[PDB]
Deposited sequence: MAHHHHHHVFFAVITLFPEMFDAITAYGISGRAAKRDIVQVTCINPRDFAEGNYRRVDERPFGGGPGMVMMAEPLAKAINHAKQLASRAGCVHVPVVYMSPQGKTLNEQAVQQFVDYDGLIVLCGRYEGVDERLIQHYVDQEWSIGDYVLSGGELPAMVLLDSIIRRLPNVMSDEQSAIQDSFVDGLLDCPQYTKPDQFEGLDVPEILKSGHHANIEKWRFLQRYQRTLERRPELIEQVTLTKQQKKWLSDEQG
């Protein structure tokens, strides 16, 4: 029962992953659990403010440390009460390490995560220093908030959970036999098809991501296929 707690101002956004698709199915089956924590519940004031003007000037608002600290502490206690051994706090920001497939595989071994979704134009650095264990970026583009990266991370993990090579995929075809004048390649036999599929993958990787060829490990059979062509 992998445990997920997200610190977000918009908990309902996570219906996009908890109510649909393969991730929704895992939540409905309780293979995973997603609990959203609104930092406003830990804010002071009739407007439950979590943002304040930046020290040193400049535009925008910064997320206050105190509401985020109380919310993450609440998340940690929920995780302990759920029977988790340890749950790291992940902060999604463009300043994090680059998420990739190798990084996602490491998360599968976890009991769960606390994912902190920032809003406004920053999060108080002292909160990051004291409460964040890991910082991850899904890409070098700027988004309005951390919710979508959080969902990307969660979807990428849940997708790999039980009960739920470095080359690019090759082109794929399905019915009809002819579409708008374009036919399926005639290539059939099982052996000769797998050879064709591999040669298509290598070239596609070669044409589009040639830096990945340096880091691919080919079987003895695949090495022979390359030399034969």
Taking the deposited sequence as numbered from 1, list the residue ranges that were left without C-alpha coordinates.
1-7, 172-184, 208-210, 253-254
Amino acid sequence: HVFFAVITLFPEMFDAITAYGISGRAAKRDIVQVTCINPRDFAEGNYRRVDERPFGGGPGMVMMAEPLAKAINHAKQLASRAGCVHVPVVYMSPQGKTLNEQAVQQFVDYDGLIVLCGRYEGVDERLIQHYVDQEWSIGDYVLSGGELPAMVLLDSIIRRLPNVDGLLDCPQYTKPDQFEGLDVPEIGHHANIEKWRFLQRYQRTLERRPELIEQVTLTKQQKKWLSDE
From here on, numbers count along this sequence of modelled residues.
Higher-B stretch (mean Cα B-factor, as the entry records it), 196-204 or 43-51
196-204
Per the entry, where is the mean C-alpha temperature factor higher: 100-108 or 69-77?
100-108
Pull the Cα B-factor of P59 out of the PDB entry and bin it into the chain's lowest, middle or highest third.
middle
Check where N163 lands among this chain's C-alpha B-factors and tell me if it's the lowest, middle or highest third.
highest
Which third, lowest, middle or highest, does the C-alpha temperature factor of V6 belong to within its own chain?
lowest
Based on the deposited C-alpha B factors for this chain, I'd like to know if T35 is in the lowest, middle or highest third.
lowest
